[PDB]
Amino acid sequence: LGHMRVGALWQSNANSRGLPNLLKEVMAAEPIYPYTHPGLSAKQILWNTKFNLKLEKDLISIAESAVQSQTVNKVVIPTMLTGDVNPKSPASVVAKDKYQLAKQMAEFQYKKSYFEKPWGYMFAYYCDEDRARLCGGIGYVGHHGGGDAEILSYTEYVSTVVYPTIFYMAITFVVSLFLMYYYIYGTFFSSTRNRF
Amino acid sequence: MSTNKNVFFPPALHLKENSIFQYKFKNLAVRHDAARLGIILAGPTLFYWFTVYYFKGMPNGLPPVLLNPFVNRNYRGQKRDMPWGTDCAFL
Amino acid sequence: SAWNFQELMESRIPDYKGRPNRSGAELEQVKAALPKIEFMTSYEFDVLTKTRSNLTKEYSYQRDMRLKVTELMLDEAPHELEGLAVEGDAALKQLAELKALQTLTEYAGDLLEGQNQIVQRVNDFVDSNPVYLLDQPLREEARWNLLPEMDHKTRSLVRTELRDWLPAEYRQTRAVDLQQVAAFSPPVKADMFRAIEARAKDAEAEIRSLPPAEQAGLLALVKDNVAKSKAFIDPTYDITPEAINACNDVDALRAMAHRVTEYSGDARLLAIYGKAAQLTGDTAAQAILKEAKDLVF
Amino acid sequence: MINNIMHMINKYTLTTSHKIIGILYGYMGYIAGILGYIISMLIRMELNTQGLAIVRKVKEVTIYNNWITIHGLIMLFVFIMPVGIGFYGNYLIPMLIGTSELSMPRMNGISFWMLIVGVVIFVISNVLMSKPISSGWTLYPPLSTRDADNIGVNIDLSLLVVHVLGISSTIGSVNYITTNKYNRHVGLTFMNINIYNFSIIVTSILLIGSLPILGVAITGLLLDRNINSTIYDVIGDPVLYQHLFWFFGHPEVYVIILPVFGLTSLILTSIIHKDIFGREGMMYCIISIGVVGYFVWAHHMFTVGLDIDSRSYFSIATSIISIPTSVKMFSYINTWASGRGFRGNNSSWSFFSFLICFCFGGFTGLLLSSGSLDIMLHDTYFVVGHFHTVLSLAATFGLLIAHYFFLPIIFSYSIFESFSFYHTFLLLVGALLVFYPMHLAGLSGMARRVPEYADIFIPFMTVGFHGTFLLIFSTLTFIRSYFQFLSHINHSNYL
Amino acid sequence: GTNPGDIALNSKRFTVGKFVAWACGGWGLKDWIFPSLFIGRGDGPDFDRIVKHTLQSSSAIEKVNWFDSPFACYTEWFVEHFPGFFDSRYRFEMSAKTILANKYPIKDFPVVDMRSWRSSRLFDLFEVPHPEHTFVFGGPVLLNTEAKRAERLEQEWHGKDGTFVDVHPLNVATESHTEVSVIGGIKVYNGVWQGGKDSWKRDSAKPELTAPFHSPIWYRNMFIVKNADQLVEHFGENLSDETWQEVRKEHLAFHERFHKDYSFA
Amino acid sequence: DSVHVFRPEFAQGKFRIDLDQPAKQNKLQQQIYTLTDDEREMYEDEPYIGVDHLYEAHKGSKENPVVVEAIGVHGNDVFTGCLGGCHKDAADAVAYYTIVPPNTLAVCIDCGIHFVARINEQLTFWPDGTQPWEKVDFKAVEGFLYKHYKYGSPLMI
Amino acid sequence: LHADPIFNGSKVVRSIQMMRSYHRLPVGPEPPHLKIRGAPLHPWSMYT
Amino acid sequence: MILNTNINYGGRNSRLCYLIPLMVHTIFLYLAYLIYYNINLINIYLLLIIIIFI
Ligand code: HEA
Ligand code: HEA
Ligand SMILES: CCCCCCCCCCCCCCCCCC(=O)OC[C@H](COP(=O)(O)OCCN)OC(=O)CCCCCCCCCCCCCCCCC
Ligand SMILES: [Cu+2]
Ligand SMILES: [Zn+2]
């Protein structure tokens, strides 16, 4: 029977490969708490965790008891079209007045400094890593494409490539017809020469 | 829950007709199929036998066909060994 | 008729008709029967139904599982973080302890994900076989229709019954929002603050019963935790009527009005806007505020 | 190891998995291609040298006639269809529409093993037995029934081989249509399935409609030979046989060609990193070619004695069929434009060779469509040039594109591009030297199916000699490349 | 992508393997007599190029956690075939760290592997050799099944009225909601429990058990899927287009000293 | 007056699975059709409904992604796909396919759309006539689910 | 301290070994395909 | 319980994948023998019994 597996727990087979843990791939052998919990030792982290856990338990109990024993004076029922499962989202994602524009601008600047540029650099590294993986004679890397490839839009390509090509082809067609007819028969319009 | 219930103990349905058979012959398609069958049974079949009754004591005067002339009795000297082994028709 | 190329169900094309046609009599009867209705601006519904504290919208049982796993992991921390030995100074020992703690939490984190996956699989089973988990007459409506296509009443009854089929600890109900309940009720906010202060005081005593360096470190941590907890429950606990009265800046009152509108939009808006109008002499604004305090609040 | 041996034999005989049946079809197709190539080399060596240098006797030219007939049959019915339709058809069709198996899983295995039965009967009949069938690949009576060199039973065995191959093809065709019509995954309409599936569907429709007629013709031949009837005798209608056979004959040709179009389109989408230019246009052109191929069958009988009106009609219909193929060629040329096809890929260069050779072969065959001009070109070497610069340079190169594109995917080892470049280029140059001269030897009057020719035709056969040597080199390179494909290193040191 | 196996038994002048190769394919007299032209440099790791690429690197080689990751066993292949490897890897790791050190409560990390490439033909998505049994549990599911259908055209094709498609009765009832809450004395009805499509948010993330409740930290690995032929990327809210163009220019300006002295021939 | 009883369908297995919950299995197997060129022309000139797309987050935002539920084995990668052209720079000649981990948030960066695949397994009672004819409780189901989650259950092939 | 395997577990690595889309063309910020006389060939070129 | 697969017919291995081809081979070689030696190799009724049985 060979090596029979026991239990149907997860194995990284061809169909299932799982969700990569980039945090462990990057932070290999380096602790995460220097970045997530700056300036704290393990004992302080544990003490803080226990304190916050008890506080959160108390707050949750109070909130549940509050919601469970409150009289109802108003009933709110949102308006939805029949055949709709949930109401539309009342919220919006567009700044309306100038103050919201300033707030959105500040948030975007922070996010660009801390979230978007890291994403861009990680994606660039990923592209280059894939190129290196498909190199060395395994894949078709370097056969075509690159930074020197000339990329044209649809309009530009049709106008500056396709039409002149067809124009030259038409010129070639007429010229070849005339020159071939003269080449064989020897006359442009009188069929065979010296025969008619 | 599963439809197996009605597989095991299907409902029993009351009919006004004396039998299910008649109930199925109030549908136009079955009536027209029965009409086609009756037409075929009535006209041709009864007629055909009538003819063998009407011409029971009369001969067949059709002129026989001409298959093989005498001068072609050898069939042009063509091999005719059938796969059975002898130059005779399977019949 | 000699061939049959059917399917399980013909595709169902919805008929639209339109909005109901009610004459004067029917419209009059409908209007008479309906209660007193206060039509709410979409902003009111938004601030009511925002996602504030329950960021990931986790169900109650998921939160309970996470807290229990945290308790268990805390219980087992001393064993793992005991007897660690590594060549190096205090910093190397500290980083070794941090790494051991990270390994423990990752070990405990993977168990929580496994249990969540198991409960979610049980629920996936619940919705996978509704015909076998419902009584008449809802069983036929579950058999012949999908969720979107059901009648509203039958849809709601079917979903509630399916959820009730599960044990108590597998039912999927969104967890409570602490910030939400605090925002929409004064007494609960005061109770939460009192509880925060009581826990902080108890922890401060416990700290006072410890050797010196730990005392300073954990006191700093307690102060930071109290400040951030107060911010978490209600970011606008410093916008008090006294603060509004002491404020004499149009820009500051505008910022306070923004922050109150974001949070709850309660009568502090009336106070701030009244004071801003007084400093600016806006009779139309004062009239609108009078209307608001008569009707809105 | 008895259990292991029997398990392997059960794996490759009881199977119904489309992937396994596909690889089996591919293997049989490649083997039969090599056998046909060997016989072709024999034929060429007979032609190149003067004085019946191989058979040595006029009485024994029946050996050469047997060679040409088995070359034709092997290369048509066991090389292209098993590879073009059997191999990629089974391996890819279920995958490209997102489903597990073909409909009728058992009929797939039945099809493959019917093919193997036919190959076995053919190989035994035409090798181990004496005085084999020697009547050209178009088994024209009364030569194939009332002759002196065709009397043995093995001739009847070859006819039955044709029967079994027909049965296998019909089963495969029905299976492909059925699987493509009902098992498509949700959200995929019939005309959104990729190009290859559609071409396979139309090919299957072609095979279904014509094979029964070929079966009738072959049963007629068998009855004439055995029970001594007179369907195709001096008092029969050999022209009737020709009509039936060629009613099957041209649909077979388009069945051969269309799947190559589908495969080339798919591979192009995969290697130029761009969609097909006018995909709907190509699909409609494919179905048009399929439909129009059923009305042109008698352009292969312009000298039989057909009525003058029928001659004109069939020239017209052949031109009609010529149109949509031109549309497809233009679509290909525009597809390659603006794309980023790999500049150093044997697939790319084989596509170029396929395009050029198919255009040239289509033109040469469009000359032959005219009834009048077919007076001077029927049964000369112009027809041989035509259908070898189409079959052996457009169908073969399309299959080379597929071979060099799907080897890494199936086996998971990349391809030795320099080796493949040598193979493909020498195959191109050698083949052109063999067949191109044939064209100008047909306009000069050289008849076909002759082992001995007049002295006026020496230059063409010298160029053919050159081409045959280059072909031997290319095929050895190809086989050795494949052997090297599945073999680990043989040298390794320290630098 | 080749493991030589045992160098000892393949370096001999005469071997069973070499004779078999000669007989069937892969070896011949041209290899014995002329090894400079037919074996030549051969295929293997290049120590000289590895040393050059290592010495061209900046201090990013010291500060990178690469050597302890599970990919440390691929170090030489990437160092040789990825010019400027360590600088790019250091930027990637610092990007991950700065994402981790944000103020947001959910940290999204991009993930790109062999599965991150879309294709118009299904056989391109399987690992080679293909599994024996494919699509056992049905074929692909299209995202478009969760978009609203073309109601107007659907009504038109059937000849139905299709006049009031865009106007529907309003539904304001307490029997149409199952998710009832109480919020400060106000009983709010909102939403219906649909099923596993309402729990996507929590299952996508994993908590940090030591993070306090008043500052949660959740880790999320966002998968990235790209066509690989589009040439234009649109990340959505993750990365704005202007930022992406800026990153393009910066990457190609800094990673130009590891690419300038080589020719593509 | 007569009593007639229609002959029931005795088949079990996949037939009974498909007749027990026809809506779900139909949803699995029922085809839906894309638009022809005429309909594309008549659709691209259709008007929006109200001023809502200007403010609300679209279907496919990082907060409101497109959720697609497939069937299979828990943990197996999910096959999904776009029909092309979601963004004006994304090709739309033919459908484009994807293979994505089961329950993660993925982003089509050709179109910038956030989606969430998810596999829900089809665990059903053995179709041999011993199916529950009335509401069943969690006990026996608990046992079967435990056995499956620990060791797995056969496939209905 | 090692838990039951799960697909999103802490110990799951990126799939860079097993090839899936063999015939793709990597795309992104890439250097110009410069050509020089005598310089060593670039790793990412069709020539070796 | 049982994990349910797609709606297609999964496919089973069977001996009909080669028995039918062997039956065709048998019929055709039997006909060849009858053509050559004019006598059946085995009884026609036995052959039909085999064909029916398969
Ligand atoms: C697909 C069909 C096919 C193929 C591939 C070929 C291949 C070749 N054929 Fe022929 N041929 C016919 C179909 C084909 N032929 C037919 C139908 C006839 C008429 C029979 C008759 O007239 O009755 C005929 C007749 C015919 C004659 C007739 C002689 C005479 O009538 O006077 C000659 C002689 O020159 C000839 C030569 C060749 C040569 C030299 C090759 C090749 O050597 C050149 C190309 C070689 C290749 C290398 C292909 C070999 C394939 C493999 C290498 C498999 C490898 C795998 C793949 C690449 C997929 N062929
Ligand atoms: C293998 C595939 C294949 C293909 C695709 C074709 C395609 C065509 N074939 Fe032929 N043919 C054979 C295989 C094929 N053939 C074989 C094997 C034989 C011999 C059987 C034997 O006798 O043993 C044969 C024999 C044969 C004959 C026999 C001549 C004779 O025996 O008397 C004729 C003559 O009518 C003919 C015609 C054509 C025509 C008109 C096309 C057309 O389809 C070609 C169309 C192609 C194009 C037209 C190219 C596109 C052109 C352009 C890009 C634009 C130009 C267009 C215009 C100006 C209109 N073929
Ligand atoms: C189970 C299904 C069928 C299986 C078939 C298997 C065999 C395949 C071979 C196909 C064709 C075989 C042809 C050989 C039969 C020759 C028949 C023959 O000799 O015909 C003559 C006979 C009429 O004789 P006649 O001269 O008119 O009589 C004078 C007074 N009545 O006329 C006849 O007897 C005509 C008989 C019909 C025509 C043949 C068509 C096929 C039907 C099968 C018949 C039996 C086949 C016997 C083959 C033996 C080997 C298996
Ligand atoms: Cu033809
Ligand atoms: Zn997309």
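A.B. asks: Can you lay out the overall build of chain H for me, pointing to particular residues and giving the numbers?
C.D. replies: Scanning chain H from N- to C-terminus turns up two helices and one strand. Shown N-terminal to C-terminal, the secondary structure of chain H runs as helices and strands in the order β-α-α. In summary, chain H has a C-alpha radius of gyration of 19 Å against a globular reference of 10 Å for 54 residues, an excess of more than 25%. Considered along the principal axes of its C-alpha atoms, chain H spans approximately 60 × 15 × 10 Å. For chain H, with 54 residues in total, the buried portion stands at 33%. When the accessible surface of chain H is summed, it comes to about 3,500 Å², and 69% of that surface belongs to carbon and sulfur atoms.

A.B. asks: Which residues make up the site of ligand 1, and what values do they have?
C.D. replies: Residues and elements named next belong to chain D. In the vicinity of ligand 1, 31 residues are found, and the nearest of them are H71, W137, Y381, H388 and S392. Between ligand 1 and the protein, one listed contact pairs an oxygen atom with a side-chain N or O atom of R44 at 3.3 Å. Within the side chain of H388, one N or O atom sits 2.7 Å away from a nitrogen atom of ligand 1. Mapped by element, the contributors of at least two residues to the shell around ligand 1 are α2 (18-48), α3 (61-96), α11 (381-411), α12 (417-442) and α13 (458-485).

A.B. asks: Explain the sheet that holds strand β1 (residues 74-76) of chain A residue by residue, including any values.
C.D. replies: Across the sheet, three strands lie side by side as β1(A)-β5(E)-β4(E); this open sheet has mixed pairing. At either end of the open sheet lies a strand with only one pairing partner, and these are β1 of chain A together with β4 (180-183) of chain E. Strand-to-strand twist across the sheet, computed as the mean angle between neighbouring axes with direction ignored, equals 20°.

A.B. asks: For the coordination of the zinc ion (ligand 5), give the residues involved together with the corresponding values.
C.D. replies: All names here are of chain F. Looking at the zinc ion (ligand 5), the protein donor atoms are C82 (SG), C108 (SG) and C111 (SG), and they sit 2.3 Å from it. Spacing between the donor residues of the zinc ion (ligand 5) along the chain follows C-x25-C-x2-C. Taking the relative accessible area as the measure of exposure, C111 reaches 10% and is therefore buried.

A.B. asks: Requested: an account of the interface of chain A and chain E, with residues and values cited.
C.D. replies: Opposite the 70 residues of chain A that make contact, chain E presents 81 residues. For the pair chain A and chain E, the two sides together bury roughly 7,400 Å², of which 67% comes from carbon and sulfur. Of all residues in chain A, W119(A), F123(A) and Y125(A) give up the largest surface area on contact with chain E, accounting jointly for 11% of the area buried on that side. Our count for the chain A to chain E interface comes out at four salt bridges. Between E25(A) and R89(E) there is a salt bridge whose closest N-O contact spans 3.7 Å. The tally of links from chain A across to chain E stands at 23 residue pairs in polar contact.

A.B. asks: Before we move on, could you go through the pattern of salt bridges and cite the residues and values that matter?
C.D. replies: Applying the stated criterion across every chain, the model contains 57 salt bridges over all chains. The partner of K57(A) in a salt bridge is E71(C), with the nearest N and O atoms 2.5 Å apart. On the criterion of chain membership, the pair formed by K57(A) in helix α3 (residues 42-68) and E71(C) in helix α3 (residues 60-80) is interchain, its members lying in two chains. Under the relative-accessibility criterion, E71(C) is labelled partly exposed at 26%. For the salt bridge of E154(E) with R149(E), the shortest nitrogen-to-oxygen distance reads 3.1 Å. Among the residues examined, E154(E) registers a relative accessible area of 15% and is labelled buried. What emerges from the salt-bridge pattern is a single network uniting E25(A), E129(A), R89(E), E93(E) and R14(G).

A.B. asks: Give a detailed account of the coordination of the iron atom of ligand 1, specifying residues and quantitative values.
C.D. replies: Residue and element names in this part refer to chain D. The coordination sphere of the iron atom of ligand 1 contains the protein donors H71 (NE2) and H388 (NE2), at a distance range of 1.9 to 2.2 Å. Coordination at the iron atom of ligand 1 comes from six donor atoms whose angles at the metal span 88 to 180°, giving a geometry best classed as octahedral. Here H71, found in helix α3, pairs with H388, found in helix α11; they are 317 residues apart in sequence, far enough to count as distant. Across the pair, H388 and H71 agree in class, each one buried.

A.B. asks: With reference to specific residues and values, describe the packing of aromatic side chains.
C.D. replies: All names here are of chain D. Following the criterion strictly, the structure yields 89 aromatic pairs over all chains and no others. Taking the centre distance of 6.1 Å and the plane angle of 90° together, the rings of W137 and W246 count as edge-to-face. With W137 in the loop between α4 (105-128) and α5 (153-182) and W246 in helix α7 (residues 238-271), the pair connects residues that are 109 residues apart, well separated along the chain. Residue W137 shares its accessibility class with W246, and that shared class is buried. With centroids separated by 6.0 Å and ring planes inclined at 55°, the aromatic side chains of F261 and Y332 adopt a geometry described as tilted. Taken as a pair, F261 in helix α7 and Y332 in helix α9 (residues 308-336) lie far apart in primary sequence, 71 residues in all.

A.B. asks: Break down the pairing of strand β5 (residues 186-189) of chain E for me, with residues and values.
C.D. replies: Relative to β5(E), β1(A) is paired through three bridges, and the arrangement is parallel. Within the sheet, the bridge partner assigned to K74(A) lies in β5(E) and is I186(E). With four bridges joining them, β4(E) and β5(E) adopt antiparallel strand pairing. Within β5(E), the residue paired with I183(E) across the bridge is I186(E). As consecutive antiparallel partners, β4(E) and β5(E) are separated by two residues, and within that stretch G184(E) has a phi angle of approximately 65°, a positive value.

A.B. asks: Outline the environment of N68(B), listing residues and values.
C.D. replies: Residue and element names in this part refer to chain B. Topologically, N68 is positioned in the segment after α3 (28-54). By relative accessible area, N68 is classed as partly exposed at 35%. As for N68 and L37, which are separated by 31 residues in sequence, their C-alpha atoms are 45 Å apart. When near neighbours in sequence (up to four residues on either side) are disregarded, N68 contacts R73 and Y75. A distance of 3.3 Å separates a polar atom in the side chain of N68 from the backbone oxygen of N72.

A.B. asks: Tell me about the arrangement of the chains, residues and numbers included.
C.D. replies: Where the 23 pairs of chains in contact are concerned, the greatest contact count is recorded for chains A and E. Contact between chain B and chain E is absent, and the minimum C-alpha spacing across the pair is 22 Å. Chain G makes no contact with chain B, the minimum C-alpha separation between the two being 35 Å.

A.B. asks: Mind laying out the site of ligand 3, listing which residues take part and the relevant values?
C.D. replies: Surveying the vicinity of ligand 3 reveals the residues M82(B), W84(B), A89(B), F90(B), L91(B), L223(D) and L31(H). Around ligand 3, the nearby residues trace back to chains B, D and H. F90(B) has a polar backbone atom sitting 2.7 Å from an oxygen atom of ligand 3. A distance of 3.2 Å separates an oxygen atom of ligand 3 from a polar backbone atom of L91(B).

A.B. asks: Got a sec to walk through the nonpolar core? Specific residues and values, please.
C.D. replies: The biggest cluster of nonpolar side chains holds 243 residues, and the ones touching the most others in it are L22(A), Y88(D), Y332(D), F354(D), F406(D) and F123(E). Among the elements that make up this core, the one with the highest residue count is α3(D) (22 residues). The contact partners of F123(E), leaving out residues within four places of it in the chain, are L92(D), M95(D), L96(D), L266(D), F405(D), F406(D), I409(D) and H130(E). Ranked by size, the runner-up nonpolar core spans 85 residues in total, among them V131(C), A142(C), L162(C) and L209(E).

A.B. asks: A description of unusual backbone geometry should follow, citing residues and the corresponding values.
C.D. replies: Note on backbone geometry: most residues besides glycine have negative phi, and most peptide bonds are trans. Between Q136(C) and the following residue, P137(C), the backbone shows a cis peptide bond with an omega angle of 0°. Here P137(C) shows up in the loop between α4 (90-128) and α5 (138-144). Of note, the amide linkage connecting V128(E) to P129(E) takes the cis form, showing an omega dihedral of 0°. Inspection of the secondary structure puts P129(E) in the loop between β1 (106-111) and β2 (141-142). Positive phi outside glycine occurs at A265(E), with the angle close to 50°. Assignment of secondary structure puts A265(E) in the segment after α10 (241-254). For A265(E), a relative accessible area of 42% corresponds to the partly exposed category.

Conventions we followed
- Residues numbered from 1 in each chain as written, not as in the entry; some residues may be left out.
- Chains lettered and ligands numbered in written order.
- Part of a larger assembly, values for the part shown.
- Heavy atoms only, no water.
- Helix = DSSP H or I, 4+ residues; strand = E, 2+ residues; numbered from the N terminus.
- Rg over C-alpha atoms; globule rule 2.2 N^0.38 Å.
- Buried < 20%, exposed > 50% of the residue type's maximum accessible area, 1.4 Å probe, protein only.
- Areas by Shrake-Rupley, 256 points an atom, 1.4 Å probe, with all protein chains shown as cover.
- Near = heavy atom within 4 Å.
- Polar contact = N/O pair within 3.5 Å; in protein donor to acceptor, adjacent residues only side chain to side chain.
- Pairing = 2+ DSSP bridges.
- Axes fitted to C-alpha atoms, helices over the stretch in contact; angles between N-to-C directions.
- Donors = N, O, S within 2.8 Å, 3.2 Å for Na, K, Ca; no water.
- Contact = heavy atoms within 4.5 Å.
- Buried area = accessible area lost by both parts, 1.4 Å probe.
- Salt bridge = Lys/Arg side-chain N within 4 Å of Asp/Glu carboxyl O.
- Tetrahedral: all angles 85-135°; square planar, octahedral: opposite > 155°, others 65-115°.
- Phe/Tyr/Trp six-rings, centres within 6.5 Å; stacked < 30°, edge-to-face > 60°.
- Core = buried A, V, L, I, M, F, W, Y, C linked by side-chain atoms within 4.5 Å.

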